[PDB]
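Have a look at work-v4.txt; it's compact mmCIF, C-alpha atoms and all ligand atoms:
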# COMPACT_ATOMS: atom_id res chain seq x y z
CA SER A 1 0.00 0.00 0.00
CA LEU A 2 0.95 3.67 0.08
CA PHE A 3 2.15 3.08 3.66
CA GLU A 4 4.74 0.48 2.68
CA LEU A 5 5.74 2.49 -0.41
CA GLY A 6 6.32 5.65 1.65
CA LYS A 7 8.20 3.76 4.33
CA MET A 8 10.48 2.24 1.65
CA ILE A 9 11.21 5.58 0.00
CA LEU A 10 12.05 7.07 3.40
CA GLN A 11 14.32 4.13 4.18
CA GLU A 12 16.19 4.26 0.90
CA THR A 13 16.38 8.03 0.33
CA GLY A 15 16.34 9.25 3.90
CA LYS A 16 13.87 11.87 2.68
CA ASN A 17 10.30 12.66 3.74
CA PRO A 18 8.61 10.81 0.89
CA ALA A 19 5.36 12.78 0.40
CA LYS A 20 7.41 15.99 0.65
CA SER A 21 10.02 15.10 -1.93
CA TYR A 22 7.98 12.91 -4.28
CA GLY A 23 4.28 13.43 -3.67
CA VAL A 24 3.88 15.92 -6.52
CA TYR A 25 7.26 15.70 -8.22
CA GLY A 26 7.72 16.04 -11.96
CA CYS A 27 5.27 14.45 -14.35
CA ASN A 28 5.32 10.93 -12.87
CA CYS A 29 5.97 10.99 -9.15
CA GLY A 30 3.11 10.96 -6.66
CA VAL A 31 -0.45 11.92 -7.49
CA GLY A 32 -1.86 11.52 -10.99
CA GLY A 33 -0.70 9.26 -13.80
CA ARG A 34 2.44 9.23 -15.91
CA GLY A 35 3.76 11.77 -18.39
CA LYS A 36 6.89 12.71 -20.28
CA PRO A 37 9.55 12.44 -17.59
CA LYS A 38 11.37 15.59 -16.49
CA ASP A 39 14.53 13.88 -15.23
CA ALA A 40 15.93 10.61 -13.83
CA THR A 41 13.95 10.83 -10.62
CA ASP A 42 10.80 11.33 -12.66
CA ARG A 43 11.74 8.30 -14.76
CA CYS A 44 11.97 6.15 -11.60
CA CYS A 45 8.36 7.03 -10.95
CA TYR A 46 7.40 6.47 -14.58
CA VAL A 47 8.95 3.00 -14.36
CA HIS A 48 7.12 2.39 -11.06
CA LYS A 49 3.70 3.23 -12.49
CA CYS A 50 4.34 0.93 -15.47
CA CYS A 51 5.39 -1.77 -13.01
CA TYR A 52 1.97 -1.47 -11.34
CA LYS A 53 0.18 -2.19 -14.61
CA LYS A 57 1.38 -5.83 -14.68
CA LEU A 58 -0.32 -6.41 -11.35
CA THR A 59 -3.53 -8.41 -11.24
CA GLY A 60 -5.24 -9.68 -8.10
CA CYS A 61 -4.28 -6.82 -5.79
CA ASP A 67 -4.59 -3.02 -5.30
CA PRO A 68 -1.24 -1.14 -5.18
CA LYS A 69 -2.72 1.84 -3.28
CA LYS A 70 -4.70 0.04 -0.57
CA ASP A 71 -3.26 -3.48 -0.15
CA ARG A 72 -0.77 -3.83 2.66
CA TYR A 73 2.02 -6.37 2.38
CA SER A 74 4.90 -7.63 4.49
CA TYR A 75 8.52 -6.67 4.09
CA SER A 76 11.56 -6.35 6.32
CA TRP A 77 14.77 -4.42 6.62
CA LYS A 78 17.69 -6.82 6.62
CA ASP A 79 21.25 -5.53 6.46
CA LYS A 80 19.92 -2.15 5.30
CA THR A 81 18.09 -3.79 2.43
CA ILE A 82 14.37 -3.89 1.73
CA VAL A 83 13.40 -7.57 1.70
CA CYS A 84 10.02 -8.38 0.22
CA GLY A 85 8.13 -10.79 2.37
CA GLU A 86 6.51 -13.99 2.03
CA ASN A 87 3.17 -12.65 0.77
CA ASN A 88 1.23 -13.86 -2.28
CA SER A 89 2.01 -13.57 -6.00
CA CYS A 90 0.49 -10.14 -6.62
CA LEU A 92 1.53 -8.69 -3.26
CA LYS A 93 5.08 -9.98 -3.85
CA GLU A 94 5.37 -8.30 -7.25
CA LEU A 95 3.75 -5.19 -5.77
CA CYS A 96 6.33 -5.13 -3.01
CA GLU A 97 9.04 -5.59 -5.62
CA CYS A 98 7.70 -2.66 -7.67
CA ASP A 99 7.81 -0.51 -4.52
CA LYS A 100 11.28 -1.61 -3.54
CA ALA A 101 12.57 -0.87 -7.01
CA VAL A 102 11.23 2.65 -7.06
CA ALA A 103 12.57 3.42 -3.60
CA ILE A 104 16.03 2.23 -4.75
CA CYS A 105 15.83 4.20 -8.03
CA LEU A 106 14.81 7.36 -6.22
CA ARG A 107 17.76 6.92 -3.89
CA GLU A 108 20.13 6.31 -6.79
CA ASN A 109 18.99 9.54 -8.46
CA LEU A 110 19.22 11.82 -5.47
CA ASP A 111 22.26 13.33 -7.22
CA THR A 112 19.95 14.99 -9.78
CA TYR A 113 16.83 15.51 -7.68
CA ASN A 114 15.64 19.05 -8.44
CA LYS A 115 13.58 20.89 -5.84
CA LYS A 116 12.08 23.03 -8.56
CA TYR A 117 10.14 19.96 -9.75
CA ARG A 118 8.98 19.09 -6.22
CA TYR A 119 5.51 20.63 -6.40
CA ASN A 120 4.37 20.25 -9.96
CA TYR A 121 0.82 21.48 -9.83
CA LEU A 122 1.00 21.59 -13.62
CA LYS A 123 0.92 17.76 -13.82
CA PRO A 125 -2.32 17.69 -15.90
CA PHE A 126 -0.41 19.54 -18.64
CA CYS A 127 2.56 17.17 -18.86
CA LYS A 128 2.98 15.67 -22.32
CA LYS A 129 1.21 12.33 -22.66
CA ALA A 130 3.29 9.37 -21.53
CA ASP A 131 4.31 6.75 -24.08
CA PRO A 132 3.03 3.22 -23.48
CA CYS A 133 4.82 1.11 -20.88
CA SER B 1 -10.00 16.91 -9.89
CA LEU B 2 -6.94 17.20 -7.66
CA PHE B 3 -5.78 20.07 -9.83
CA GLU B 4 -8.82 22.27 -9.08
CA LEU B 5 -8.82 21.14 -5.46
CA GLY B 6 -5.17 22.05 -4.83
CA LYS B 7 -5.60 25.37 -6.61
CA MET B 8 -8.63 26.34 -4.49
CA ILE B 9 -6.78 25.41 -1.31
CA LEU B 10 -3.89 27.66 -2.34
CA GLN B 11 -6.26 30.51 -3.26
CA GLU B 12 -8.15 30.25 0.00
CA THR B 13 -5.30 29.53 2.49
CA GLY B 15 -2.35 30.98 0.61
CA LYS B 16 -0.43 27.80 1.47
CA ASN B 17 1.15 25.15 -0.73
CA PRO B 18 -1.72 22.62 -0.56
CA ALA B 19 0.14 19.30 -0.87
CA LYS B 20 2.71 20.62 1.53
CA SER B 21 0.28 21.66 4.27
CA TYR B 22 -2.49 19.14 3.74
CA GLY B 23 -1.22 16.19 1.69
CA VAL B 24 -0.54 14.05 4.77
CA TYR B 25 -2.15 16.11 7.55
CA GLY B 26 -3.94 14.49 10.48
CA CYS B 27 -6.16 11.47 10.11
CA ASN B 28 -8.27 12.96 7.32
CA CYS B 29 -6.35 15.36 5.06
CA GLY B 30 -4.79 14.28 1.77
CA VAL B 31 -3.66 10.72 1.09
CA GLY B 32 -5.57 7.78 2.51
CA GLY B 33 -9.00 7.69 4.12
CA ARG B 34 -10.94 9.15 7.05
CA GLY B 35 -10.27 8.63 10.75
CA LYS B 36 -10.97 10.30 14.09
CA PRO B 37 -10.16 13.96 13.40
CA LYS B 38 -7.12 15.40 15.21
CA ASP B 39 -8.42 18.99 15.08
CA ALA B 40 -10.52 21.52 13.19
CA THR B 41 -8.32 21.44 10.09
CA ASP B 42 -8.48 17.63 10.09
CA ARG B 43 -12.27 17.84 10.54
CA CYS B 44 -12.52 20.01 7.39
CA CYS B 45 -10.93 17.19 5.43
CA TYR B 46 -13.14 14.58 7.08
CA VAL B 47 -16.20 16.51 5.85
CA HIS B 48 -14.62 16.86 2.42
CA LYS B 49 -13.99 13.12 2.17
CA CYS B 50 -17.63 12.50 3.16
CA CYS B 51 -18.70 15.07 0.56
CA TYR B 52 -16.73 13.00 -2.01
CA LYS B 53 -18.41 9.78 -0.81
CA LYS B 57 -21.86 10.79 -1.91
CA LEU B 58 -20.97 12.08 -5.39
CA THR B 59 -22.11 10.03 -8.40
CA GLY B 60 -21.56 10.59 -12.10
CA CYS B 61 -17.98 11.87 -12.04
CA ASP B 67 -14.64 10.99 -10.47
CA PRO B 68 -13.64 13.48 -7.75
CA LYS B 69 -9.90 13.02 -8.02
CA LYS B 70 -9.65 12.77 -11.82
CA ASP B 71 -12.37 14.93 -13.34
CA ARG B 72 -11.61 18.54 -14.27
CA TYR B 73 -14.30 21.20 -13.90
CA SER B 74 -14.72 24.93 -14.43
CA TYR B 75 -14.71 27.56 -11.78
CA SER B 76 -13.65 31.19 -11.62
CA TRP B 77 -12.06 33.59 -9.18
CA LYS B 78 -14.55 36.48 -8.91
CA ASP B 79 -13.91 39.19 -6.32
CA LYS B 80 -11.60 36.76 -4.56
CA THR B 81 -14.45 34.30 -4.36
CA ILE B 82 -14.41 30.78 -5.79
CA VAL B 83 -17.41 30.60 -8.11
CA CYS B 84 -18.21 27.11 -9.34
CA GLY B 85 -19.20 26.92 -12.99
CA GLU B 86 -22.57 25.32 -13.70
CA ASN B 87 -20.66 22.37 -15.22
CA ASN B 88 -22.96 19.39 -14.72
CA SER B 89 -24.65 17.96 -11.60
CA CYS B 90 -21.73 15.85 -10.38
CA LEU B 92 -18.98 18.27 -11.43
CA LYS B 93 -20.79 21.17 -9.75
CA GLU B 94 -21.31 19.21 -6.54
CA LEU B 95 -17.64 18.23 -6.65
CA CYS B 96 -16.63 21.85 -7.23
CA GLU B 97 -18.70 22.83 -4.21
CA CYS B 98 -17.11 20.01 -2.19
CA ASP B 99 -13.68 21.44 -3.04
CA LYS B 100 -14.71 25.06 -2.49
CA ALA B 101 -16.10 24.14 0.93
CA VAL B 102 -12.95 22.40 2.08
CA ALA B 103 -10.71 25.20 0.79
CA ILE B 104 -12.78 27.76 2.72
CA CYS B 105 -12.87 25.46 5.77
CA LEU B 106 -9.10 25.05 5.72
CA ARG B 107 -8.61 28.81 5.55
CA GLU B 108 -11.02 29.31 8.41
CA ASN B 109 -8.97 26.96 10.54
CA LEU B 110 -5.43 28.15 9.79
CA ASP B 111 -5.63 29.74 13.24
CA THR B 112 -5.20 26.26 14.84
CA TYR B 113 -3.31 24.43 12.06
CA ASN B 114 -0.57 22.42 13.71
CA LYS B 115 2.69 21.58 11.92
CA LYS B 116 3.15 18.49 14.07
CA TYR B 117 0.24 16.90 12.16
CA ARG B 118 1.51 17.82 8.71
CA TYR B 119 3.20 14.49 7.86
CA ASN B 120 1.19 11.81 9.59
CA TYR B 121 2.76 8.65 8.24
CA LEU B 122 0.67 6.78 10.83
CA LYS B 123 -2.62 7.52 9.06
CA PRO B 125 -3.50 3.80 8.75
CA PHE B 126 -3.49 3.58 12.57
CA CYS B 127 -5.94 6.41 13.21
CA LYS B 128 -9.06 5.48 15.15
CA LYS B 129 -11.78 4.37 12.71
CA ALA B 130 -13.97 7.23 11.51
CA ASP B 131 -17.71 7.30 12.13
CA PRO B 132 -19.87 6.52 9.08
CA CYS B 133 -20.39 9.57 6.84
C1 LIG C 201 0.11 7.18 5.63
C2 LIG C 201 0.20 6.80 4.18
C3 LIG C 201 1.59 7.01 3.60
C4 LIG C 201 1.66 8.20 2.67
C5 LIG C 201 3.02 8.32 2.02
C6 LIG C 201 2.96 8.77 0.58
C7 LIG C 201 4.33 8.82 -0.07
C8 LIG C 201 4.38 8.28 -1.49
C9 LIG C 201 4.80 9.32 -2.50
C10 LIG C 201 5.91 8.84 -3.39
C11 LIG C 201 5.48 8.57 -4.82
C12 LIG C 201 6.01 7.24 -5.29
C13 LIG C 201 6.35 7.12 -6.77
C14 LIG C 201 5.16 6.94 -7.69
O1 LIG C 201 4.41 7.94 -7.86
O2 LIG C 201 4.97 5.83 -8.28
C1 LIG C 202 -1.89 18.19 -9.73
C2 LIG C 202 -2.63 18.72 -8.50
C3 LIG C 202 -2.01 18.23 -7.21
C4 LIG C 202 -2.72 18.76 -5.96
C5 LIG C 202 -2.44 17.88 -4.76
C6 LIG C 202 -2.98 18.45 -3.45
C7 LIG C 202 -4.50 18.51 -3.44
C8 LIG C 202 -5.07 18.84 -2.06
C9 LIG C 202 -4.46 18.04 -0.92
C10 LIG C 202 -5.26 18.22 0.36
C11 LIG C 202 -6.72 17.81 0.25
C12 LIG C 202 -7.50 18.23 1.48
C13 LIG C 202 -8.94 17.74 1.50
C14 LIG C 202 -9.10 16.24 1.67
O1 LIG C 202 -8.13 15.57 2.12
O2 LIG C 202 -10.20 15.71 1.32

Rendering of file as structure tokens:
Amino acid sequence: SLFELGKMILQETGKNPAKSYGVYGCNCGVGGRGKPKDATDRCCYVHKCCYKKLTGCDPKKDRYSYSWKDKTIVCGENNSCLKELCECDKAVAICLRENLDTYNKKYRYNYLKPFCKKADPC
Amino acid sequence: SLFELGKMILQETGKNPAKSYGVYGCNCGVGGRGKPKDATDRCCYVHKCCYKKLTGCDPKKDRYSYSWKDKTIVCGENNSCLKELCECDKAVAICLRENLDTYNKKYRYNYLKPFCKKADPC
């Protein structure tokens, strides 16, 4: 769910996840995808595409189990859809962390999301 | 949609809407309803209940028309659902402004939303 996702992003990036990513760029946070603004935005683009392969569970509301082992997100023993969900979430938290070097605060609150250029198919 | 809603909140409160209200209390922003933490939180509770009873349009996704007339939000006639939605948003934006006087920063990023006491039925 959003809870696990946020917790993962905090754990990987060290950053308040709604603050940094809730409305970032054309792909991070609320809304759908769009032409990505930068690498961070692409992480989110990839994450939303990842969600589309999911059937059987709801990425926003379904909670799942994971742990923190040797500073690594470890997706739990769940079920098939929840496992892949957890893996989508882990992957975006890692990607966001890896692209902290180019995170741009000026994209943090993109209230112009509805006007982002249409995303290409996943 | 979220676009109109965030814009009204900014126009009414003067505050970055996702920043102040995206994760506030047990009721504002992401997630569902819960026992309100304060007056600001209560505004969002009422807003979420307002959303509950709409039919015909999607409150988070569906754009609508409104105007800023003498610093008043004036909902366009739109259609039945979009107008009701517009009035839902207008109401919460006004409510949030009216309660800035007790807004509490300590509630701004409640990552423990899922553990709020269950909200009463709308
Ligand atoms: C209490 C519920 C937790 C709320 C935390 C929300 C933080 C998630 C925002 C980060 C966006 C993730 C990337 C994406 O949009 O796919
Ligand atoms: C692209 C537009 C993004 C706007 C995101 C922020 C929208 C408002 C957040 C707070 C909503 C308060 C009312 C409620 O929670 O029901």

Taking every listed atom of range 89-100 of chain A and adding 5 Å to each side, what centre and edge lengths in Å (one decimal) does the axis-aligned box have, as JSON?
{"center_x": 5.9, "center_y": -7.0, "center_z": -5.3, "size_x": 20.8, "size_y": 23.1, "size_z": 14.7}

> What is the atom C4 of ligand LIG 201 (chain C) to CA of residue 122 in chain B distance in Å?
Replying inline: 8.3 Å

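Inspection of the environment of ligand LIG 202 (chain C), which uses only C-alpha atoms and all ligand atoms and a cut-off of 7 Å, identifies the neighbouring residues as residues 24, 31, 32, 120, 121, 122, 123 and 125 of chain A; 2, 3, 5, 6, 9, 18, 19, 22, 23, 28, 29, 30, 31, 45, 46, 48, 49 and 102 of chain B.
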
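Picture a line from CA of residue 36 in chain B to CA of residue 72 in chain A; it runs 20.8 Å.
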
>> Between CA of residue 113 in chain A and CA of residue 80 in chain A, what is the distance in Å, rounded to a tenth?
In response: 22.1 Å

> Near residue 76 in chain B, within 12 Å and counting all atoms listed in the file, which residues show up once chain neighbours fewer than 6 positions away are dropped, as a list in words?
Replying inline: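 Contacts, in chain order: residues 4, 7, 8, 11, 82, 83, 84, 85, 86, 87, 96 and 100 of chain B.
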